[PDB]
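Cβ atoms come from the backbone with ideal geometry, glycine included; neighbour counts cover every protein chain shown. Derivation of every value follows stated rules applied to the coordinates shown; laboratory data play no part.
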Amino acid sequence: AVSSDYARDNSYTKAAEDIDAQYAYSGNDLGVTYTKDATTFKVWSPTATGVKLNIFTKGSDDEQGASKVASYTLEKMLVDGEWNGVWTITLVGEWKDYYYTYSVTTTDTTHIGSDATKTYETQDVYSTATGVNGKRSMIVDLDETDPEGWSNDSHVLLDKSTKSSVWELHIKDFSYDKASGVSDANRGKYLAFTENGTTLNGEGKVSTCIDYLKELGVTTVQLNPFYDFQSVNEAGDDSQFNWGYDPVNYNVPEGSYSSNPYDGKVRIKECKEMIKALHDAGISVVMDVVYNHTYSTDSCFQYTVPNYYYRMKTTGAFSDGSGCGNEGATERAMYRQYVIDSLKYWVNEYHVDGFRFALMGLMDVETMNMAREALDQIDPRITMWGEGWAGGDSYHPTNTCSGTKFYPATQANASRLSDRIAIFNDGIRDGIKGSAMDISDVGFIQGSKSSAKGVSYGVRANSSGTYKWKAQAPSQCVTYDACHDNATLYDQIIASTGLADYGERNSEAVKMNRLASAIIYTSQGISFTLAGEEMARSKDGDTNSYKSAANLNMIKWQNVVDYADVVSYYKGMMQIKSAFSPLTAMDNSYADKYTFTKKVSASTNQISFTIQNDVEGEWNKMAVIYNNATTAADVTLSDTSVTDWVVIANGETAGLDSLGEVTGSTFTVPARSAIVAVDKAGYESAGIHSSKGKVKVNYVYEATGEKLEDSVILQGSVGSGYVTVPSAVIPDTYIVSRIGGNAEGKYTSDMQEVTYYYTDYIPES
Ligand SMILES: OC[C@H]1O[C@H](OC[C@H]2O[C@H](O[C@H]3[C@H](O)[C@@H](O)[C@@H](O[C@H]4[C@H](O)[C@@H](O)[C@H](O)O[C@@H]4CO)O[C@@H]3CO)[C@H](O)[C@@H](O)[C@@H]2O)[C@H](O)[C@@H](O)[C@@H]1O
Ligand SMILES: [Ca+2]
Ligand code: NA
């Protein structure tokens, strides 16, 4: 089922609305305002009877030189005897690098003015720095946290969101593997991203980490939570892992990814160095944000203004729409403001280029649209997308703090949402590889004919017609087959077919992987992959790896060799989408330029369509065919307008070079493979060609000269290193007797061939 939302007004919502009408504050100076001469503290809490500032030398009581300094009484901000809801004090002198908490004595929202008070110690709601484990805030000069050349670091923004290629990455996963070639100190840390010239096992043969990303050519890296989360003990062991969907401090970097979580400035500088390194690599940084819930209701929000910041049921229970125990009340004036101010902070202070909203379905449409407008004032190329669903039933008031009707930012309400707030298309996801809820379930690539309609509607970003949900335009659609949640693409292929064990190479499974690649990059919308999808990433069948072993979760960098051909295929498919404007369109101007051979809703083993282009200097027409049959199929296009074709992607390779020609309207499409072709006239005139070198790898029985296994194609930049390997799937009764050509070397302009010659063998042991 899809979870429900309910409009219910009660004592709590009416109390919160009254608080907004009187005390809503837009002053822009809540938290700490540092200067060398003085530091000013501001806390918003209309429910409070008193607020006390506590100063410490260190962020925890374990550290050397840790001591309580003193405590101070904050005073109400009055004008002509009228309180604006804000507490303030100004400390004269130099207070930088001191740590602090607030002691808030307060009622709840439904008992303001009463003697029913409780006192809570808490970090600042508007913390820009904390000590270890985010318990104590830190007074910092943010200038001191700027790395070398930070002033010259610019945003990396896509001209159009639909021109993106997103690599969804977890910071520990990136470099926790020793084979990553990243230094001992920086493995699984922010600073891993700053290490150039890293290679597999540091042997200097093939690129890893940042150099690998430059070669792959992804436009965008989306980072899993690097705001401060609860679920990793920052004073604990290095082997701890969590995705970090457990927020504690929204505007403070995560401590565990830094080299030193005790000094609050170090993580800020190192977090900025990561973002700079990615910007220097020409890559856009998208931040996974989780305003929909906090780890617990024992939070800075609840301790400051009890029952204001969370959606309250009539029974006094916290609404659990997140499935994590609570949901943030985005409809409230001061959380709306907090969220928007937070987004602007990460953009301006950390140079973040966009956001992925966790459970965007829990966040109200008005708030989301206002956030889009705010970020537009900085730059409208700043990207926004999110999950158009919740994680449970959500109880909200009828209206927002503005007096407009509450609407959740779900798939169902895509029409009410800005067309530049994109939504994850679970339609094409389930269409391609099968239900995400069931690892054993088949989609189109595994041979489901019923799944074809999922793919076919996905091809135009679910923006043409209606199947499941409808995007306003391709700009409002994220096109993907897998993410960090549920099974990896290759794990679902393995589980659903039983072709092999998890993480084991299988020729037919890899064919299916290549086909998924073809679909993603011949589909409209914002193309998105899990980091390592291109190298057949496995989690050993883990369908919820959020707190699983770090070595299970980590990117196995050996896969860039083991699946170098698959990486090469993705690398080439990315080039195709980038070269052909209809695929990267933001609007619906190309919707009526598609000619599907069969009905879009057809149950078929072969999907085919043509796309008419209108951009001068590009290809005039593209033909796309997906064949999920176990045999080769002759597919005849219904569109006969073009009868001279150049093939640019097949079962073997993909890219901008001609792989052969086709006369007429009929194409022979190999089993479990795609064909991408373009009009010959256009291919000649456009002058679009590859600058990448090729290596063909053959596997031959020496005695007969016959192939034991299909040849594969590696592709990469001329001068970049490659490593070929003997085929993993060849029976154990054959052994490599001899190698022809350069098994290892650098790509050249001319294609090189490597042949692994095999002889008769009996394992024995
Ligand atoms: O008080 C209740 C409860 O609170 C704490 O546990 C919270 C929560 O922890 C687990 O949920 C996990 C999921 O299993 C993960 O898949 C992940 O979900 C996120 C997903 O990956 C994102 O894509 C999406 O945007 O956001 C979701 C989360 O909203 O992360 C969550 C949170 O870590 C567990 O499965 C839940 O049952 C549980 O409620 C606390 O640790 C518990 O002791 C406590 O009982
Ligand atoms: Ca933390
Ligand atoms: Na283009």
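For the reader, a short list of remarks on this structure follows.
- In the stretch 589-632, the residue that is nearest to ligand 1 (Cβ to nearest atom) out of those that are part of a strand (DSSP E or B) and hydroxyl-bearing (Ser, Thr, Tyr) is 626.
- Reported count of residues in the stretch 633-659, each being over 23 Å from residue 581 (Cα atoms) and either of a type in the set (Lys, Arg) or assigned to a loop (DSSP other than H, G, I, E, B) (or both), is 2.
- Boolean, residue 338 is within 16 Å of ligand 2 (Cβ to nearest atom), touching a residue at least 24 places away in the same chain (Cβ under 8 Å) and in contact with a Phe, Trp or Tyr (Cβ under 8 Å, 6 or more places away or on another chain): no
- Residue within the stretch 365-376 that is touching a residue at least 24 places away in the same chain (Cβ under 8 Å) and not in a helix (DSSP H, G or I) present: no
- Evaluation of residue 156 against the conditions (1) over 30 Å from residue 423 (Cα atoms); (2) surrounded by 19 or more Cβ atoms within 10 Å (Cβ to Cβ) shows that the sole unmet condition is (1).
- Residue, farthest from ligand 3 (Cβ to nearest atom), within the stretch 582-612, restricted to residues that are of a type in the set (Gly, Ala, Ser) and crowded, with 18+ Cβ neighbours inside 10 Å: 608
- Residues being within 16 Å of ligand 1 (Cβ to nearest atom) and not in a strand (DSSP E or B) - total across the stretch 267-294: 5
- Candidates 304, 294 - the one that is within 16 Å of ligand 2 (Cβ to nearest atom) and out of contact with any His (no Cβ under 8 Å at 6 or more places or on another chain): 294
- Looking only at the stretch 551-564, and only at residues there that are assigned to a helix (DSSP H, G or I) and in contact with a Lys or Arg (Cβ under 9 Å, 6 or more places away or on another chain), the one that is nearest to ligand 3 (Cβ to nearest atom): 559
- Breaking point among (1) surrounded by fewer than 22 Cβ atoms within 10 Å (Cβ to Cβ); (2) more than 14 Å from ligand 3 (Cβ to nearest atom); (3) among the hydrophobic types (A, V, I, L, M, F, W, C), for residue 615: (2)
- Just one of the listed residues (571, 577, 547) is within 16 Å of ligand 2 (Cβ to nearest atom) and within 20 Å of the chain's Cα centre (by Cα), and it is 547.
- Pairing residues of the stretch 213-240 that are assigned to a loop (DSSP other than H, G, I, E, B) with residues that are within 16 Å of ligand 3 (Cβ to nearest atom) and among the polar types (S, T, N, Q), at Cβ distances under 6 Å and at least 6 apart in sequence or on separate chains, gives 218/165; 219/164; 219/165.
- Failed item in (1) surrounded by fewer than 22 Cβ atoms within 10 Å (Cβ to Cβ); (2) closer than 24 Å to residue 158 by Cα, with residue 290 passing the rest: (1)
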